[PDB]
Structure formats: C-alpha cells, structure tokens
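Here the structure comes first, spelled out in structure tokens, and everything after it is commentary.
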Amino acid sequence: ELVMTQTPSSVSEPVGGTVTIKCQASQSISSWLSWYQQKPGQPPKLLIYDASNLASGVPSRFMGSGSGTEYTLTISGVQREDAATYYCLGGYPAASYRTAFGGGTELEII
Amino acid sequence: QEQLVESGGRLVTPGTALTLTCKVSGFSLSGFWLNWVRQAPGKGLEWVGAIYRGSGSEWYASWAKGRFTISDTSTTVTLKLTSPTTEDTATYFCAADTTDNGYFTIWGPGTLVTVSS
Amino acid sequence: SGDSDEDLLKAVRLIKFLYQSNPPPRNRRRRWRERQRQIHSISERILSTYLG
C-alpha cells in the first residue's frame, strides 16, 4: 500500500556542490524514514534514521529532514566517494501500509 | 559481533521451489525484525517481507504474499520461493532492524537467484 | 476486508508480545521505563495506521 516516490532519478554534481534528494510518502509515516547509500557489488549502507538523525560513522555532510509527507536527503559538500545510488525506506513492517523503498537516485560526480 | 550471511542462491527453472537461508550471529537482542530485500540486476531495492524473531509474526509486501514464506529457526531465518518466475531473478539480502524503530542497521552480502526456462 | 482484519489482529498480537517481552523488574527501573515508553509509541503508531 505505501508508495515512496523518490526524485530525481539521476543527479550530476561537481565536487563541493550540494545535492538534494526527495522522497514523498503516499501515507503518513512520521519519523519512520531512513536513507541508504549503495555502491556497485556492495549491500546498502545506513546514512540517516528516524528522518533526521545521522547514523554512526557517516560524514557530517549527509543531512536528513522531514516536513509532513516530504523528506529530504541533503549532501552539502559532495566528494568523489559519494558517487552511488541512494534510497529512502518508509513505513513499518506491521503498519497497515507495510514498509517500502523509493525508486532510488543515481548520483554521478563531475 | 552482529553478522548476517545469506546462502541458497542457485540457477533454477521457473516453478522450482527454492529456500534461502540467513545465518544470524552475534546479536545480543532476542527479538528483532529480520527483513528480506531483493534487487533485480540493474534495478532498485524491493522489500519482500520480515519476521519478528521472538514470535512467529510474518509480514509480506502485497506482491510477495503466497509466493514467499519467511520462517524463523533457532540460529537462522529462511525465505522460501514457493513457485519462482523469471521476474524473481534477483540478489536477495537479509537486513536486521536492531532497535525496533523500522530502519536497517545490519545487512548480509546477498545471495543471487537466477530464474531461467 | 478479511486481509485488513487479519493484519490488525496480527498487529495487536505483535504489540502484546512486545509488552510481554518487557516484564517489570534503580538502574533496572529507569531501563524498564525507557523501553515501555518506546513500546508505547511504536504501538500508538502501528495502531494509528489502522485507524485512518
């Protein structure tokens, strides 16, 4: 039932630029939102939890925020190592609407 | 410490029942959500379902119900593909939620399932 | 109807199991209270998904 609409599909940014990634929830999820980073051949890595908390060992340049149904992942000073694909995860397994991933955002660095 | 290892990934003909196992080790916690996530080649992550480890509480994605069965063991969590199709070709990961808050902190490296006729 | 009815029953059964995993026991009571507040907010949130 829960649909996480993730935009944009792809972003190209030069080193030191700011990246904005958005996720729109089809239902009220409150702080039930997390952000993941995935590089080829690797499993995803937790970046943000409870919509705005920085996960253990994640650079301070990764910022999460949420207002109602809209969630934002900001990467302030993009580095070459930040080239990856990004995903939001909304909801809860036992919620009526279940849990769901966004379609992902492929970030390329110029 | 906390570790997840998935196994069982094979090449199967469509409709051949297959079971994947998530070896669960070093978790201090007793009960926690153990989730199954899949990724078709060149595609996004998809939530399949989860089980809350202390109990027998299974939760499935709308598309996953009937086609997948998550089972809890003493030291493992299994995912059975009851009747796979070419559309089930993916790497299957198990991911643990260590707080009960909904987010995934620990992931396995994945197991690849290929479904070809 | 029946799928949603079953989910709600499965969700309440899960909520009860979480409360049953936090039985009452200084440091232990503070720890107990934190975990009860957490189970309460999870239950409140899970249930709200079924209430509209």
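Convention: chains lettered A, B, ... in structure tokens order; per-chain residue numbering from 1; ligands numbered from 1 as shown.
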List every residue of chain A that has an atom at most 12 Å from any atom of chain C, and for each one report the closest atom pair and its distance in Å to one decimal, counting only C-alpha atoms, with rows sorted by chain and then by increasing residue number, as a tab-separated table.
residue	atom	partner	partner_atom	distance
A:1	CA	C:49	CA	11.3
A:2	CA	C:49	CA	10.8
A:27	CA	C:49	CA	8.8
A:28	CA	C:49	CA	8.2
A:29	CA	C:45	CA	8.7
A:30	CA	C:45	CA	8.8
A:31	CA	C:45	CA	10.2
A:32	CA	C:45	CA	9.6
A:91	CA	C:46	CA	9.5
A:92	CA	C:46	CA	7.7
A:93	CA	C:46	CA	9.2
A:94	CA	C:11	CA	5.8
A:95	CA	C:46	CA	5.1
A:96	CA	C:49	CA	5.5
A:97	CA	C:49	CA	7.2
A:98	CA	C:49	CA	9.5
A:99	CA	C:46	CA	11.7
What residues in chain B have any atom no more than 10 Å from chain C when counting only C-alpha atoms, and can you write them as a tab-separated table (two decimals) with N, CA, C and O atoms, in the first residue's frame?
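Produced file part-v1.tsv, reproduced below:
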chain	number	residue	atom	x	y	z
B	30	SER	N	17.21	-10.51	21.68
B	30	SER	CA	16.49	-11.76	21.48
B	30	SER	C	15.55	-11.54	20.26
B	30	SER	O	15.77	-12.14	19.19
B	31	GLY	N	14.56	-10.66	20.42
B	31	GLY	CA	13.60	-10.33	19.39
B	31	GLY	C	13.96	-9.10	18.60
B	31	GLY	O	14.37	-8.09	19.16
B	52	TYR	N	9.29	-11.03	13.03
B	52	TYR	CA	9.83	-10.52	14.27
B	52	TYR	C	10.31	-11.76	15.02
B	52	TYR	O	9.51	-12.56	15.49
B	54	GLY	N	11.51	-13.08	17.89
B	54	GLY	CA	10.98	-13.84	19.05
B	54	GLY	C	9.67	-14.64	18.82
B	54	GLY	O	9.41	-15.67	19.46
B	55	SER	N	8.82	-14.11	17.97
B	55	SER	CA	7.49	-14.59	17.70
B	55	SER	C	7.41	-15.40	16.37
B	55	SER	O	8.42	-15.96	15.87
B	56	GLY	N	6.22	-15.48	15.84
B	56	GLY	CA	6.01	-16.10	14.54
B	56	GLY	C	5.34	-15.06	13.66
B	56	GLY	O	4.63	-15.42	12.73
B	57	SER	N	5.54	-13.76	13.98
B	57	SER	CA	4.89	-12.65	13.29
B	57	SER	C	5.56	-12.30	11.96
B	57	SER	O	6.60	-11.65	11.94
B	58	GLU	N	4.96	-12.81	10.86
B	58	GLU	CA	5.40	-12.63	9.48
B	58	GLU	C	4.64	-11.51	8.81
B	58	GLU	O	3.41	-11.45	8.92
B	59	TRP	N	5.34	-10.66	8.05
B	59	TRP	CA	4.73	-9.54	7.33
B	59	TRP	C	5.28	-9.52	5.92
B	59	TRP	O	6.48	-9.67	5.73
B	99	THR	N	16.80	-1.89	16.60
B	99	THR	CA	16.16	-1.03	17.62
B	99	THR	C	14.68	-1.25	17.82
B	99	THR	O	14.17	-0.92	18.90
B	100	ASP	N	13.98	-1.78	16.78
B	100	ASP	CA	12.53	-1.99	16.66
B	100	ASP	C	11.90	-0.72	16.07
B	100	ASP	O	10.68	-0.62	15.98
B	101	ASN	N	12.73	0.23	15.66
B	101	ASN	CA	12.32	1.51	15.10
B	101	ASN	C	12.09	1.55	13.59
B	101	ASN	O	11.67	2.59	13.08
B	102	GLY	N	12.30	0.43	12.89
B	102	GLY	CA	11.95	0.35	11.47
B	102	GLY	C	13.06	0.38	10.43
B	102	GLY	O	12.87	-0.13	9.32
| Atomic separation - CA of residue 88 in chain B relative to CA of residue 13 in chain B, Å |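 Going from CA of residue 13 in chain B over to CA of residue 88 in chain B covers 11.2 Å.
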Per residue of chain A within 12 Å of chain B, what are the shortest atom pair and its distance in Å to one decimal, counting only C-alpha atoms, with rows by chain and residue number, as JSON lines?
{"residue": "A:1", "atom": "CA", "partner": "B:62", "partner_atom": "CA", "distance": 7.3}
{"residue": "A:2", "atom": "CA", "partner": "B:61", "partner_atom": "CA", "distance": 9.7}
{"residue": "A:3", "atom": "CA", "partner": "B:61", "partner_atom": "CA", "distance": 11.4}
{"residue": "A:4", "atom": "CA", "partner": "B:46", "partner_atom": "CA", "distance": 11.4}
{"residue": "A:6", "atom": "CA", "partner": "B:44", "partner_atom": "CA", "distance": 11.2}
{"residue": "A:9", "atom": "CA", "partner": "B:44", "partner_atom": "CA", "distance": 10.9}
{"residue": "A:29", "atom": "CA", "partner": "B:102", "partner_atom": "CA", "distance": 10.8}
{"residue": "A:30", "atom": "CA", "partner": "B:102", "partner_atom": "CA", "distance": 11.7}
{"residue": "A:31", "atom": "CA", "partner": "B:101", "partner_atom": "CA", "distance": 9.2}
{"residue": "A:32", "atom": "CA", "partner": "B:102", "partner_atom": "CA", "distance": 6.4}
{"residue": "A:33", "atom": "CA", "partner": "B:103", "partner_atom": "CA", "distance": 7.4}
{"residue": "A:34", "atom": "CA", "partner": "B:103", "partner_atom": "CA", "distance": 6.0}
{"residue": "A:35", "atom": "CA", "partner": "B:103", "partner_atom": "CA", "distance": 8.9}
{"residue": "A:36", "atom": "CA", "partner": "B:104", "partner_atom": "CA", "distance": 9.1}
{"residue": "A:37", "atom": "CA", "partner": "B:45", "partner_atom": "CA", "distance": 11.2}
{"residue": "A:38", "atom": "CA", "partner": "B:45", "partner_atom": "CA", "distance": 9.8}
{"residue": "A:39", "atom": "CA", "partner": "B:42", "partner_atom": "CA", "distance": 11.8}
{"residue": "A:40", "atom": "CA", "partner": "B:42", "partner_atom": "CA", "distance": 9.6}
{"residue": "A:41", "atom": "CA", "partner": "B:109", "partner_atom": "CA", "distance": 8.8}
{"residue": "A:42", "atom": "CA", "partner": "B:109", "partner_atom": "CA", "distance": 6.8}
{"residue": "A:43", "atom": "CA", "partner": "B:109", "partner_atom": "CA", "distance": 5.7}
{"residue": "A:44", "atom": "CA", "partner": "B:107", "partner_atom": "CA", "distance": 7.4}
{"residue": "A:45", "atom": "CA", "partner": "B:105", "partner_atom": "CA", "distance": 7.8}
{"residue": "A:46", "atom": "CA", "partner": "B:105", "partner_atom": "CA", "distance": 6.1}
{"residue": "A:47", "atom": "CA", "partner": "B:105", "partner_atom": "CA", "distance": 9.5}
{"residue": "A:48", "atom": "CA", "partner": "B:103", "partner_atom": "CA", "distance": 9.1}
{"residue": "A:49", "atom": "CA", "partner": "B:103", "partner_atom": "CA", "distance": 6.5}
{"residue": "A:50", "atom": "CA", "partner": "B:101", "partner_atom": "CA", "distance": 7.8}
{"residue": "A:51", "atom": "CA", "partner": "B:103", "partner_atom": "CA", "distance": 10.0}
{"residue": "A:53", "atom": "CA", "partner": "B:103", "partner_atom": "CA", "distance": 11.6}
{"residue": "A:55", "atom": "CA", "partner": "B:105", "partner_atom": "CA", "distance": 9.0}
{"residue": "A:56", "atom": "CA", "partner": "B:105", "partner_atom": "CA", "distance": 9.8}
{"residue": "A:57", "atom": "CA", "partner": "B:105", "partner_atom": "CA", "distance": 11.9}
{"residue": "A:85", "atom": "CA", "partner": "B:44", "partner_atom": "CA", "distance": 9.0}
{"residue": "A:86", "atom": "CA", "partner": "B:44", "partner_atom": "CA", "distance": 9.5}
{"residue": "A:87", "atom": "CA", "partner": "B:45", "partner_atom": "CA", "distance": 7.9}
{"residue": "A:88", "atom": "CA", "partner": "B:45", "partner_atom": "CA", "distance": 9.8}
{"residue": "A:89", "atom": "CA", "partner": "B:103", "partner_atom": "CA", "distance": 7.5}
{"residue": "A:90", "atom": "CA", "partner": "B:102", "partner_atom": "CA", "distance": 8.4}
{"residue": "A:91", "atom": "CA", "partner": "B:102", "partner_atom": "CA", "distance": 7.2}
{"residue": "A:92", "atom": "CA", "partner": "B:102", "partner_atom": "CA", "distance": 5.5}
{"residue": "A:93", "atom": "CA", "partner": "B:59", "partner_atom": "CA", "distance": 6.0}
{"residue": "A:94", "atom": "CA", "partner": "B:59", "partner_atom": "CA", "distance": 6.5}
{"residue": "A:95", "atom": "CA", "partner": "B:59", "partner_atom": "CA", "distance": 9.3}
{"residue": "A:96", "atom": "CA", "partner": "B:59", "partner_atom": "CA", "distance": 10.2}
{"residue": "A:97", "atom": "CA", "partner": "B:61", "partner_atom": "CA", "distance": 9.1}
{"residue": "A:98", "atom": "CA", "partner": "B:61", "partner_atom": "CA", "distance": 6.8}
{"residue": "A:99", "atom": "CA", "partner": "B:47", "partner_atom": "CA", "distance": 7.1}
{"residue": "A:100", "atom": "CA", "partner": "B:47", "partner_atom": "CA", "distance": 6.1}
{"residue": "A:101", "atom": "CA", "partner": "B:46", "partner_atom": "CA", "distance": 6.2}
{"residue": "A:102", "atom": "CA", "partner": "B:45", "partner_atom": "CA", "distance": 8.0}
{"residue": "A:103", "atom": "CA", "partner": "B:44", "partner_atom": "CA", "distance": 5.8}
{"residue": "A:104", "atom": "CA", "partner": "B:44", "partner_atom": "CA", "distance": 6.2}
{"residue": "A:105", "atom": "CA", "partner": "B:44", "partner_atom": "CA", "distance": 9.3}
{"residue": "A:106", "atom": "CA", "partner": "B:44", "partner_atom": "CA", "distance": 10.3}
Within 6 Å of range 68-74 of chain A, counting only C-alpha atoms, which residues qualify if same-chain residues fewer than 6 places away don't, as a compact mmCIF listing (two decimals) with N, CA, C and O atoms, in the first residue's frame?
# COMPACT_ATOMS: atom_id res chain seq x y z
N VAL A 19 23.83 18.44 -3.02
CA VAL A 19 22.87 17.51 -3.65
C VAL A 19 21.58 17.42 -2.80
O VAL A 19 21.68 17.20 -1.60
N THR A 20 20.41 17.60 -3.42
CA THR A 20 19.11 17.48 -2.75
C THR A 20 18.32 16.30 -3.36
O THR A 20 18.07 16.28 -4.57
N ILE A 21 17.97 15.31 -2.52
CA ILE A 21 17.21 14.11 -2.91
C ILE A 21 15.89 14.09 -2.11
O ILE A 21 15.93 14.23 -0.89
N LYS A 22 14.75 13.94 -2.78
CA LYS A 22 13.44 13.97 -2.15
C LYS A 22 12.67 12.67 -2.23
O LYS A 22 12.71 11.96 -3.23
N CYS A 23 11.93 12.36 -1.15
CA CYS A 23 11.03 11.21 -1.04
C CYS A 23 9.71 11.69 -0.52
O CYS A 23 9.65 12.37 0.52
N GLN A 24 8.64 11.37 -1.26
CA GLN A 24 7.27 11.70 -0.91
C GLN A 24 6.54 10.40 -0.52
O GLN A 24 6.52 9.44 -1.29
N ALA A 25 5.98 10.37 0.70
CA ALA A 25 5.24 9.23 1.25
C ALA A 25 3.77 9.31 0.87
O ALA A 25 3.15 10.37 1.02
N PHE A 62 26.15 14.61 5.20
CA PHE A 62 24.84 13.95 4.95
C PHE A 62 23.82 14.46 5.97
O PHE A 62 24.06 14.36 7.17
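Put simply, CA of residue 108 in chain A is 26.3 Å away from CA of residue 112 in chain B.
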Counting only C-alpha atoms, what is within 12 Å of range 25-27 of chain B, bar same-chain residues fewer than 5 positions away, as a PDB file with N, CA and C atoms, in the first residue's frame?
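And here is the file that came out, part.pdb:
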ATOM      1  N   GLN B   1      31.010  -9.502  16.046  1.00  0.00           N
ATOM      2  CA  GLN B   1      29.718  -9.139  16.619  1.00  0.00           C
ATOM      3  C   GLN B   1      28.561  -9.460  15.655  1.00  0.00           C
ATOM      4  N   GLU B   2      27.591  -8.529  15.471  1.00  0.00           N
ATOM      5  CA  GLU B   2      26.426  -8.765  14.619  1.00  0.00           C
ATOM      6  C   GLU B   2      26.814  -9.111  13.188  1.00  0.00           C
ATOM      7  N   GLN B   3      26.297 -10.233  12.691  1.00  0.00           N
ATOM      8  CA  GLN B   3      26.585 -10.720  11.355  1.00  0.00           C
ATOM      9  C   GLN B   3      25.387 -11.411  10.747  1.00  0.00           C
ATOM     10  N   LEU B   4      25.197 -11.209   9.426  1.00  0.00           N
ATOM     11  CA  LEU B   4      24.155 -11.842   8.603  1.00  0.00           C
ATOM     12  C   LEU B   4      24.818 -12.406   7.363  1.00  0.00           C
ATOM     13  N   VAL B   5      24.563 -13.691   7.061  1.00  0.00           N
ATOM     14  CA  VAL B   5      25.119 -14.346   5.869  1.00  0.00           C
ATOM     15  C   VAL B   5      23.995 -15.076   5.148  1.00  0.00           C
ATOM     16  N   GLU B   6      23.729 -14.690   3.894  1.00  0.00           N
ATOM     17  CA  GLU B   6      22.732 -15.404   3.104  1.00  0.00           C
ATOM     18  C   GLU B   6      23.321 -16.443   2.165  1.00  0.00           C
ATOM     19  N   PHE B  32      13.820  -9.192  17.270  1.00  0.00           N
ATOM     20  CA  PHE B  32      14.074  -8.113  16.331  1.00  0.00           C
ATOM     21  C   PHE B  32      13.499  -8.507  14.988  1.00  0.00           C
ATOM     22  N   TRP B  33      13.237  -7.505  14.151  1.00  0.00           N
ATOM     23  CA  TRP B  33      12.750  -7.689  12.792  1.00  0.00           C
ATOM     24  C   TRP B  33      13.921  -8.124  11.913  1.00  0.00           C
ATOM     25  N   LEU B  34      13.770  -9.268  11.227  1.00  0.00           N
ATOM     26  CA  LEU B  34      14.754  -9.746  10.278  1.00  0.00           C
ATOM     27  C   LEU B  34      14.033  -9.622   8.948  1.00  0.00           C
ATOM     28  N   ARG B  53      11.633 -11.942  15.036  1.00  0.00           N
ATOM     29  CA  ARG B  53      12.333 -13.112  15.567  1.00  0.00           C
ATOM     30  C   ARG B  53      11.835 -13.803  16.846  1.00  0.00           C
ATOM     31  N   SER B  74      16.175 -21.312  15.174  1.00  0.00           N
ATOM     32  CA  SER B  74      16.987 -21.027  16.347  1.00  0.00           C
ATOM     33  C   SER B  74      18.145 -20.039  16.048  1.00  0.00           C
ATOM     34  N   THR B  75      18.868 -20.267  14.949  1.00  0.00           N
ATOM     35  CA  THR B  75      20.066 -19.535  14.536  1.00  0.00           C
ATOM     36  C   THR B  75      19.962 -19.013  13.090  1.00  0.00           C
ATOM     37  N   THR B  76      18.762 -19.081  12.510  1.00  0.00           N
ATOM     38  CA  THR B  76      18.523 -18.759  11.109  1.00  0.00           C
ATOM     39  C   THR B  76      17.116 -18.196  10.856  1.00  0.00           C
ATOM     40  N   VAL B  77      16.958 -17.518   9.716  1.00  0.00           N
ATOM     41  CA  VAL B  77      15.678 -17.080   9.160  1.00  0.00           C
ATOM     42  C   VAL B  77      15.719 -17.488   7.680  1.00  0.00           C
ATOM     43  N   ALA B  96      18.738  -6.689   9.249  1.00  0.00           N
ATOM     44  CA  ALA B  96      18.201  -6.682  10.591  1.00  0.00           C
ATOM     45  C   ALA B  96      17.943  -5.278  11.111  1.00  0.00           C
ATOM     46  N   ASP B  97      16.811  -5.084  11.810  1.00  0.00           N
ATOM     47  CA  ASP B  97      16.447  -3.848  12.495  1.00  0.00           C
ATOM     48  C   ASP B  97      16.819  -4.084  14.000  1.00  0.00           C
ATOM     49  N   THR B  98      17.881  -3.405  14.491  1.00  0.00           N
ATOM     50  CA  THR B  98      18.389  -3.615  15.847  1.00  0.00           C
ATOM     51  C   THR B  98      17.715  -2.816  16.953  1.00  0.00           C
ATOM     52  N   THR B  99      16.800  -1.892  16.600  1.00  0.00           N
ATOM     53  CA  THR B  99      16.163  -1.033  17.618  1.00  0.00           C
ATOM     54  C   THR B  99      14.675  -1.254  17.820  1.00  0.00           C
ATOM     55  N   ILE B 106      22.022  -3.606   9.948  1.00  0.00           N
ATOM     56  CA  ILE B 106      22.943  -4.672   9.537  1.00  0.00           C
ATOM     57  C   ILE B 106      22.387  -5.387   8.302  1.00  0.00           C
ATOM     58  N   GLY B 108      23.332  -8.443   5.049  1.00  0.00           N
ATOM     59  CA  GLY B 108      24.146  -9.555   4.597  1.00  0.00           C
ATOM     60  C   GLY B 108      24.736  -9.181   3.241  1.00  0.00           C
TER      61      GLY B 108
END
